[PDB]
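Heads up, the chain below is alone and in the form deposited in one PDB entry; it's given as structure tokens.
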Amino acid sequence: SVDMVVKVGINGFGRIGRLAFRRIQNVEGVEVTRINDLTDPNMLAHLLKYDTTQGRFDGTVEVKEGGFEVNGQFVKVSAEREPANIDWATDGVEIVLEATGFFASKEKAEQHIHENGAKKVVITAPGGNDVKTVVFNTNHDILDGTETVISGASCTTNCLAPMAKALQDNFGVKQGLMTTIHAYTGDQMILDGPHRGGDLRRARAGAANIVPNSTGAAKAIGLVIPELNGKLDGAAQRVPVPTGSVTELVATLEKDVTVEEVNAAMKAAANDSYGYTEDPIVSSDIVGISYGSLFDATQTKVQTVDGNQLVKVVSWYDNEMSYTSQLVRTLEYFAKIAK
């Protein structure tokens, strides 16, 4: 009314859930009133306070009965394995951040939406072709607030999208192939063992190998940039850094370009979500950043052979914090326009 604060719940207080909670501390229009995971409050409070890659929490965390206090404010913790059994409404939760990795579909996410549950769900991952998929500052205008389940896309999509959109808007994209050189994640095995999803490569020791893997980010780009539907494909190489990633795109364009023209087009597209740098940085320099995507002008190529051009553009992203920053921008916007 005079000071609206929408109540949010987090399902899955993992890497994305905990970092989203950290960022929400500085968002006036939303607050987290309930966390659901599979463990006790002491474990969750400890993992919020201490973070290997993202540093100590900015404030105080104190375990209480049934939850924990953050800077004095109590947050309820439950441990319900089934979303239909989470009584989100008890804590006034209107929007659930679905961050477990197990309910990333329209049908699975709407298990949160019932009389004693929530009203809307933001999936912290691709959610299928039938949910609106949003990269903040690339296509968040597709939201009208009436949606029940939306997707924040993947980390790679949030990196690739502003870069591919800038190529499309300035030069026109014919086709392209992407490789993301990506930090290992919690879905890879720490040492060689049976991967629950049957992936023979994620079965391998993730901090000791270059591990090829599939990704849908390029194949599904049309959900975010319709004019690029079907034009991009890609894959990943997972490598031994615990967070921090980079996306390379090799494309053919509808117009001839120079390296200088490509770089200038990216700089002109820079905003809170898409950064620009000319410094020769490495992955540790992007851990914790707030851009969804950080274009690196030092890696651009335009190769001309017999009058034909291949164009290579490269952008950094902290698959943790870059994605989380985008997710929280989208949540904040969605909450404000919600209906």
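Think of the rigid core as the biggest set of C-alphas that the two forms share within 1.5 Å after superposition. Each residue number is its position in the shown sequence, starting from 1.
Keep in mind that the form deposited in another entry is missing from the display, and what follows is about it.
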Have a look at 109, 164, 178, 183 and give me the residue whose C-alpha moves 2 Å or more between this form and the one not shown, with the fit done on the rigid core.
109
C-alpha of residue 272 off by 2 Å or more between this form and the one not shown on rigid core
no
After superposing the rigid core, is the C-alpha displacement of residue 30 2 Å or more between this form and the one not shown?
yes
After a core superposition, would you say residue 206 shifts its C-alpha by at least 2 Å between this form and the one not shown?
no
Since the Cα-Cα distance for residue 294 and residue 129 shifts by 3 angstroms or more in the other form, is it a contraction (closer) or an expansion (farther)?
farther
